[PDB]
Amino acid sequence: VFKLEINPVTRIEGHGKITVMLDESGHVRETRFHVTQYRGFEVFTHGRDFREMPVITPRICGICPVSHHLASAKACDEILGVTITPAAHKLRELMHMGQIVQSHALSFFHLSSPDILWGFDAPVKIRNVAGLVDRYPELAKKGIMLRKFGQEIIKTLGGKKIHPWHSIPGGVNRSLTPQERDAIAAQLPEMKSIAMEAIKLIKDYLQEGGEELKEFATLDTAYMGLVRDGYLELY
Amino acid sequence: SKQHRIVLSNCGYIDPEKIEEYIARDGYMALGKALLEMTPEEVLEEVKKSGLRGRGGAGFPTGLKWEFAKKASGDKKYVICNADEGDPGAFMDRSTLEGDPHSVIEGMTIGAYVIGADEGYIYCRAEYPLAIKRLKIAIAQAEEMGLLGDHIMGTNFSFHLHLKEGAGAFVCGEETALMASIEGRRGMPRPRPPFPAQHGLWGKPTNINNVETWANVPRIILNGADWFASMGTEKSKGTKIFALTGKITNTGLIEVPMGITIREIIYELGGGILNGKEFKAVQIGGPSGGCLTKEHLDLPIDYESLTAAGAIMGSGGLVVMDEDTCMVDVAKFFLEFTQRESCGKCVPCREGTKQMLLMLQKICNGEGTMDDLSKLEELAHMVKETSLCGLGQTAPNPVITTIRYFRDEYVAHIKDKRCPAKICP
Amino acid sequence: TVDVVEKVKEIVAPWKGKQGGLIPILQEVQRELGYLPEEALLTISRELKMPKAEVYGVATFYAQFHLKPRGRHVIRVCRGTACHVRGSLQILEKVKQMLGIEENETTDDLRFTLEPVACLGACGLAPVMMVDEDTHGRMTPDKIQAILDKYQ
Amino acid sequence: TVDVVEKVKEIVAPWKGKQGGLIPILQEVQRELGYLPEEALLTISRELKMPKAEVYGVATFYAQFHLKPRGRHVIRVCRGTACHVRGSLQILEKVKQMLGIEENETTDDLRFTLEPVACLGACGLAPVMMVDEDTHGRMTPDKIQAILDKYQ
Amino acid sequence: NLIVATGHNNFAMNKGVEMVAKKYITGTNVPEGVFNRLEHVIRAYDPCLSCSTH
Amino acid sequence: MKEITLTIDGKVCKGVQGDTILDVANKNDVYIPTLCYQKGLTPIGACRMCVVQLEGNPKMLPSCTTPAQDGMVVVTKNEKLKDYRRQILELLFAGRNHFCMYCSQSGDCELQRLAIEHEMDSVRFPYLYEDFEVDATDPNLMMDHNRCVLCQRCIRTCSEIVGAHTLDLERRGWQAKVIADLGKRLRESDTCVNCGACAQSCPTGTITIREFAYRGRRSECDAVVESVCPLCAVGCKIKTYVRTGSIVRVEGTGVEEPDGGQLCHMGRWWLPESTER
Ligand code: SF4
Ligand code: SF4
Ligand code: SF4
Ligand code: SF4
Ligand code: SF4
Ligand code: FES
Ligand code: FES
Ligand code: FES
Ligand code: FES
Ligand code: 3NI
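Protein chains in written order, with the authors' numbering: chain D, 4 to 238; chain R, 113 to 537; chain C, 5 to 156; chain W, 5 to 156; chain P, 397 to 450; chain X, 1 to 277.
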């Protein structure tokens, strides 16, 4: 009979729309979650050279432009049929790890840290990155530093931070000279400290709201991932 | 009615397939006069001081043009007759090659003698399936009278007058594109220099002049200088044929002498307007020309008095348009003809005219704004100032002029949602 | 297929070794064959030793050449200044929506073809809608059916 | 494409729920459309709830049905006993080698079609070569050109 | 063909919004904290909806 | 006097008599925006971006085609010329579909350099989104026609420099497309010697060498070493671009020599591919 809309769903990427269709008594008949944007990256590309795809496909997202870059690169490397070189493997994995770090830093500290810290009933003016910089001046700066670490790796490897070009079809365009390698390695004792402090903070949040947060949208489903021999591989 | 016709004075009267009637009309006696008694420099200074303002749409002292054409270093000059019409409603060159197929032949023989040319061409459109056979009959029946061959009139002179059927393109209306279509190649205006009168057809000199301007050459030496002078005003000199058509009473070639008041050109010569509703505009130069409306009545139509008004008197395609025809509509029409008849070399005439067509189609539909009008004006001025040959340099005249004479009208199509001709809102 | 290889190879004979002459060399294969097939242009480029790209550029640069088979009856409407101010655009668009074919192409089975021309000369009797044989002086919106069924 | 879906769906209306009637139901779409397209047979099978295979079998079993577009002028030569003993086979083979098309098919652009028929009735004036309008009584080997150019 | 990250989690997000709605219903007055929880189920996966809809 | 003296933008310039204004311009120092002048290929006057104004004469004339005449005052930069050049660039961007995000030549495009120089933060003219074909049938060259300014520098470099006259213009007006033989694809062409001189002449990323796309950019080069091709006797002069220990693009210098920079397939396609073996 009638429905509620949370359009636009904020502090996520893209365009979303949660509709909650209620009954006549005011109880939830059903909810759905729409994505209200579409561009057509499966119909753009018909006609284009495959080498154009590791530059077209990063434009599907800016939080993960290197993920699409590297997937398109592996697709075109299987189109060519190349080995590929171990140095290329490790450089692509370095760019992918930098992207993992920056995307998870943005996902925790920028988008999901307000609810985790100030609670789901906090005022709307404070629930953002801005009120987080205001009230928690060190945690927002630490998250910014972690995101900057990831994007400095991505920028060092592929010129730009967002939509980088570092992986050609067949290999990798640019290696790492020792100066910038040492520069990236000299910040890892600090970035690991940032990550472990965030781990402790989220473990105290989950341990505080003991059983309620353990049934907060917890449904039993299947778990797809990538694996080495028995390990957790991300590339 | 009264028009003082001297260029197509004979036209229909003389049977085109009969040369003997034309020479009976004192026709080729000029050729004789020139080849026997008149030394070349004498006919040169004659046509020069005759003030024959070139009727090839641009306006020029063709005596000076031939003066340029002679001094070119070479021995294989040419003379061409651009017998195609710019305006695709103009049938002047059509009617002149139909009526008097020999005037042009006689004029080009004279001019080829003057400039020292042997080979010559006549580029008439192949889409005129009757002018071609009349001209070919004229060329044959003049071949047998020792008029185009070895030692014409026994004078140590050679002249072969070819006939090239036009492949149907207004782009090949300028000099360098005509010269490209005659060499059997895409009609693409090369930038001058190399100039056409110095490095034209096949790298040899060339003397492209209008078919009407060629047809005036027989009457330069048969009569004399002052004869051609004694027709009107002093700045421009001579007489122009006009394909008066449109919506008045009766179309047809109306060859008025000189700058004569537009009132006694359209109001009473054609005679009122169809269904007697007072006209709102007139195109005086075709698509390469501008519009005149309700203010240029007591104005001489001579070449100097209207280039400042903004409408080069190009190949006399005057079309009258009363209030039942929209000005934005005819602006789109002329610009659409221009877009369809253009090579595609210059970035201004290929894209400018496309975007101006789009903006005019958007103003006609009412979907336009005020920034649309400013963009249309600025793009028009840019395409006029930057285009290469002169088709595009005069392509946005049916916009520019219709901006300086129907501005409010333009505003009335966008600010208010109205149009005199209720075809589409 | 073999009918289009010597007719084009014979009309080029009086032009061999002469500068120029691709505009006429085509106006002849157009008048004979009705159109300029790809085989025609290929043999012209072979015989004149002119580039195929140049031949195709000249063949597609000028309006009166048709690279596809033109119809057996052209429907030339006049989009000249005199006809357009009279309203020939209406006649053009109705023959458009009536034959259902695009602006400057042939019918699906080669019966008609719409070819907007310049002034056919009857700038007095405007608008003119020539149907490949003779002029047609008035051509109001209703008189288009009584001719398009007749010539087919 | 949409012109061939309701014309066939309307001629089937007076046959719904009546046993039989696929031979007539087709002789009508033949007279209207000139031929039986695959869309036509498909809609006949849908409307009558008769199998598509049966419809195609009946459509290709009888001679006077044509599944492809027939020409705009049929060239029915008589291969009857009276014409054949007179020598109509010669006329048939020369119209064959003259149109250059196979025995029972249409020209490449839908102008003519050769359809060897049974007796057209003029078994006195033999051989007869009907050119879709009228009889033709004598039709010696030389009189075939003067008609095949005329009707085109 | 691009099979992207948020696509596989679309059903988990739909069912999660269903479960967090079906525990924080009010007949009227539709508060803002329950809206923040309905948004936080989505923000748990933090989805790039641009990738999902290429 | 052969040595004529003019004044371009106040700066005095010296040139030979027959030289065009662009020649006397590029001779001393001064910069005039050009898109269709390839040093070598005869000045083609299509882009109309090099327009300069003479003092007193209120009209504007191309500097690539108009000759230098014995003393005159040429103004290259002012408000009206900047406006007209920005309008020309915007017409090019609005007519053809130009997406720099994915263009191999985004850093080398001469239409992009001019646009950024003239601060083109817009298109102004309505975007005609028409469908121009992407001819990538050739495994070595790709012709993405929606980036084609129509400068004929590819027709001219395949007509007067290579000779295997593969490219010419197709239609008139707006429908003018650059085509191979008989309007076919580059792979279907019998007369392409697969040279790449069409890729060295194209300023606007239409024609690109596929195998070295996004790497053979001149802006992202680590070094530029001039040398000689060692594959054949002609010994073409080359301008090899080096990006991280590999040659990414071999463009041939010698546009003034009779060859004209048209290195062959073995030089524009085996020399950079051999640095990755
Ligand atoms: S202005 Fe340019 S595009 Fe137009 S006809 Fe002249 S050269 Fe061709
Ligand atoms: S050709 Fe140049 S201007 Fe066009 S999209 Fe590519 S980089 Fe941009
Ligand atoms: S590869 Fe060489 S021959 Fe082929 S089109 Fe390009 S320049 Fe011409
Ligand atoms: S392909 Fe390139 S070089 Fe050729 S005309 Fe187009 S823009 Fe110019
Ligand atoms: S570029 Fe080609 S032709 Fe030139 S020297 Fe090298 S191999 Fe020889
Ligand atoms: S111009 Fe479109 S209706 Fe007046
Ligand atoms: S105006 Fe259409 S015939 Fe000349
Ligand atoms: S025999 Fe042929 S008509 Fe009966
Ligand atoms: S740059 Fe001078 S016109 Fe192309
Ligand atoms: Ni994403």
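From the three backbone atoms N, C-alpha and C, an ideal C-beta is built for every residue, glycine too.
Review point. Is the beta carbon of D410/R less than 8 Å from the beta carbon of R375/R?
Key: Along the second sequence, one-based indexing puts residue 410/R at 298. Along the second sequence, one-based indexing puts residue 375/R at 263. Yes, the pair counts as a contact, with Cβ atoms nearer than the cut-off.
Practice item. Tell me whether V132/C counts as near ligand 7, meaning its Cβ is closer than 7 Å to at least one heavy atom of that ligand. Key: Here residue 132/C refers to the residue found at position 128 when the third sequence is read from its first residue. The nearest non-hydrogen atom of ligand 7 is less than 7 Å from the C-beta of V132/C.
Check your understanding: Got a sec: does ligand 2 put a non-hydrogen atom nearer than 7 Å to the Cβ of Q467/R?
Key -> As a first step, residue 467/R is located in the second sequence; it is residue number 355 there, counting from the start. Answer for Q467/R: no, Cβ out of range of ligand 2.
Practice item. Run down chain X in chain order and give the residues with a C-beta less than 7 Å from the C-beta of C458/R. Key: Within the second sequence, the letter at position 346 stands for residue 458/R. Near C458/R (Cβ distances below 7 Å), the residues of chain X are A46 and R48.
Check your understanding: Closer than 8 Å, CB to CB, is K237/X near chain R or not?
Key -> As a working mapping, residue 237/X is identified with position 237 in the sixth sequence. Residue-level contact check: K237/X does not touch chain R, since none of the beta carbons of chain R fall below 8 Å from its beta carbon.
Practice item. Please confirm whether any heavy atom of ligand 1 lies closer than 7 Å to the CB of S448/P. Key: Start at 1 with the first residue of the fifth sequence, and residue 448/P comes out as number 52. Outside the cutoff, so no.
Review point. Is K11/X close to chain R, meaning its C-beta is less than 8 Å from at least one C-beta of that chain?
Key: In the sixth sequence, the residue the question calls residue 11/X occupies position 11. No, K11/X does not count as interfacial toward chain R.
Review point. Span of the beta strand (DSSP E) holding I15/C?
Key: As a working mapping, residue 15/C is identified with position 11 in the third sequence. That residue, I15/C, is in no beta strand (DSSP E); its alpha helix (DSSP H) goes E10 to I15.
Exercise for review: Have a look at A279/R and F69/C and give me their C-alpha separation to the nearest angstrom.
Suggested key: Here residue 279/R corresponds to residue number 167 of the second sequence, with the count starting at 1. Here residue 69/C corresponds to residue number 65 of the third sequence, with the count starting at 1. Rounded to the nearest angstrom, the two C-alpha atoms are 8 Å apart.
**Study point:** Distance between beta carbons of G95/X and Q451/R, contact taken as under 8 Å
**Key:** Here residue 451/R corresponds to residue number 339 of the second sequence, with the count starting at 1. Here residue 95/X corresponds to residue number 95 of the sixth sequence, with the count starting at 1. That belief does not hold up - the Cβ atoms of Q451/R and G95/X are roughly 12 Å apart, past 8 Å.
Practice item. Compute every distance between the C-beta of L271/X and the non-hydrogen atoms of ligand 4, then say whether any falls below 7 Å. Key: Indexing the sixth sequence from 1 puts residue 271/X at position 271. False, no ligand heavy atom lies under 7 Å from that Cβ.
**Study point:** Members of the segment 32-50 of chain D near chain P, C-beta cut-off 8 Å
**Key:** So the list reads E33, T34, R35, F36, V38, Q40, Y41, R42, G43, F44 and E45, given in the order they occur along the chain.
Review point. Quick one: is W270/X buried, meaning 16 or more other Cβ sit within 10 Å of its Cβ, or exposed?
Key: Residue 270/X sits at position 270 when you count from the first residue of the sixth sequence. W270/X comes out exposed.
Check your understanding: Taking the C-alpha atoms as reference points, what is the distance between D262/R and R50/C?
Key -> By 1-based counting over the second sequence, the position of residue 262/R is 150. By 1-based counting over the third sequence, the position of residue 50/C is 46. Their Cα atoms are separated by approximately 36 Å.
Review point. Distance, Cα to Cα, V416/P vs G423/P?
Key: By 1-based counting over the fifth sequence, the position of residue 416/P is 20. By 1-based counting over the fifth sequence, the position of residue 423/P is 27. Spanning the alpha carbons of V416/P and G423/P requires a straight line of approximately 15 Å.
Check your understanding: Alpha carbon to alpha carbon, how far is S170/D from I421/P?
Key -> Working through the first sequence from its first residue, we reach residue 170/D at position 167. Working through the fifth sequence from its first residue, we reach residue 421/P at position 25. Here the alpha carbon of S170/D sits roughly 50 Å from the alpha carbon of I421/P.
Check your understanding: Just how far apart, CA to CA, sit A198/D and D118/D?
Key -> Counting from one through the first sequence, the residue named residue 198/D turns up at place 195. Counting from one through the first sequence, the residue named residue 118/D turns up at place 115. Cα to Cα, the separation comes out at about 18 Å.
Review point. Since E58/C meets chain X, which of its residues come closer than 8 Å, beta carbon to beta carbon?
Key: The count along the third sequence starts at 1 and reaches residue 58/C at position 54. Under the 8 Å cutoff, chain X gives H165 and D168.
Check your understanding: Is the beta carbon of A176/X less than 8 Å from the beta carbon of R297/R?
Key -> Within the sixth sequence, numbered from 1, the residue matching residue 176/X stands at position 176. Within the second sequence, numbered from 1, the residue matching residue 297/R stands at position 185. For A176/X and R297/R, no; Cβs fall outside 8 Å.
Point to revise | Sequence-distant residues of its chain with Cβ nearer than 6 Å to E43/W (five each side left out) | key: Looking up residue 43/W in the fourth sequence gives position 39. For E43/W, the CB contacts under 6 Å within the same chain, skipping 5 residues up- and downstream, are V8 in chain order.
Review point. Looking at the structure shown, is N362/R part of a helix, part of a strand, or coil, going by DSSP?
Key: Along the second sequence, read from residue 1 onward, the residue named residue 362/R stands at position 250. If DSSP states are grouped into helix, strand and coil, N362/R belongs with coil.
Review point. Would the beta-carbon of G219/R fall within 8 Å of that of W314/R?
Key: Position 107 of the second sequence, counting from 1, holds the residue named residue 219/R. Position 202 of the second sequence, counting from 1, holds the residue named residue 314/R. If you check the CB distance, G219/R and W314/R do not come in under 8 Å.
Practice item. Within its chain, find whatever has a CB closer than 7 Å to the CB of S106/X; leave out the 5 residues flanking it on each side and keep chain order. Key: Position 106 of the sixth sequence, counted from the start, is the residue given in the question as residue 106/X. These residues qualify, in order along the chain: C100 and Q112.
**Study point:** Cβ of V85/D within 8 Å of any chain X Cβ
**Key:** Taking the first residue of the first sequence as position 1, residue 85/D is located at position 82. No, because no Cβ of chain X sits closer than 8 Å to the Cβ of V85/D.
Point to revise | Alpha-carbon spacing of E416/R relative to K347/R, whole angstroms | key: On the second sequence, position 304 is the one that residue 416/R refers to. On the second sequence, position 235 is the one that residue 347/R refers to. Going from the Cα of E416/R to the Cα of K347/R covers about 7 Å.
Review point. Does any heavy atom of ligand 5 sit closer than 7 Å to the C-beta of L231/X?
Key: Counted from its first residue, the sixth sequence places residue 231/X at position 231. Placement of the Cβ of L231/X at a distance of less than 7 Å from at least one heavy atom of ligand 5 is found.
Check your understanding: Are the CB atoms of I151/C and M102/C nearer to each other than 8 Å?
Key -> Translated into positions along the third sequence, residue 151/C becomes position 147. Translated into positions along the third sequence, residue 102/C becomes position 98. Cβ atoms of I151/C and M102/C: not closer than 8 Å.
Point to revise | Beta-carbon proximity list for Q40/D, same chain, < 8 Å, skipping 5 on both sides | key: The residue you call residue 40/D lines up with position 37 of the first sequence. Result list for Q40/D: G17 and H18, in chain order.
Check your understanding: Mind pulling the chain R residues with CB within less than 7 Å of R185/X?
Key -> Taking the sixth sequence and counting its residues from 1, the one referred to as residue 185/X is at position 185. Here the premise fails: no neighbours, minimum Cβ distance about 21 Å.
Exercise for review: For the beta strand (DSSP E) holding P62/X, just list the boundary residues, first then last.
Suggested key: Counting from one through the sixth sequence, the residue named residue 62/X turns up at place 62. Where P62/X is concerned, the enclosing beta strand (DSSP E) stretches over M60 to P62.
Exercise for review: Find the nearest neighbour of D442/P within the set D207/D, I157/D, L209/D and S116/D, judged by alpha-carbon distance.
Suggested key: Locating residue 442/P in the fifth sequence gives position 46, where the first residue counts as 1. Comparing alpha-carbon positions, the option among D207/D, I157/D, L209/D and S116/D lying closest to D442/P turns out to be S116/D.
Check your understanding: I think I8/X touches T76/X, with their Cβ atoms under 8 Å apart; what is that distance to the nearest whole Å?
Key -> Sequence index remark: in the sixth sequence, residue 8/X carries index 8 (1-based). Sequence index remark: in the sixth sequence, residue 76/X carries index 76 (1-based). The pair is a contact, with the Cβ atoms about 6 Å apart (cut-off 8 Å).
Exercise for review: Check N322/R in the structure and name its three-state DSSP category.
Suggested key: Translated into the one-based positions of the second sequence, residue 322/R becomes position 210. The answer is coil: DSSP assigns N322/R none of H, G, I, E or B.
Review point. Roughly how many whole angstroms lie between the Cα atoms of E390/R and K359/R?
Key: By 1-based counting over the second sequence, the position of residue 390/R is 278. By 1-based counting over the second sequence, the position of residue 359/R is 247. Cα-Cα distance, rounded: 11 Å.
Practice item. Say whether the segment 107-121 of chain W touches the segment 74-85 of chain W, bearing in mind that this needs 3 or more beta-carbon pairs closer than 8 Å, one atom from each stretch. Key: Contact holds: three or more Cβ-Cβ distances are below 8 Å.
Exercise for review: Pick helix, strand or coil for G429/P, following the three-state DSSP scheme.
Suggested key: The residue labelled residue 429/P in the question sits at position 33 within the fifth sequence. DSSP places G429/P in helix when its eight states are reduced to three.
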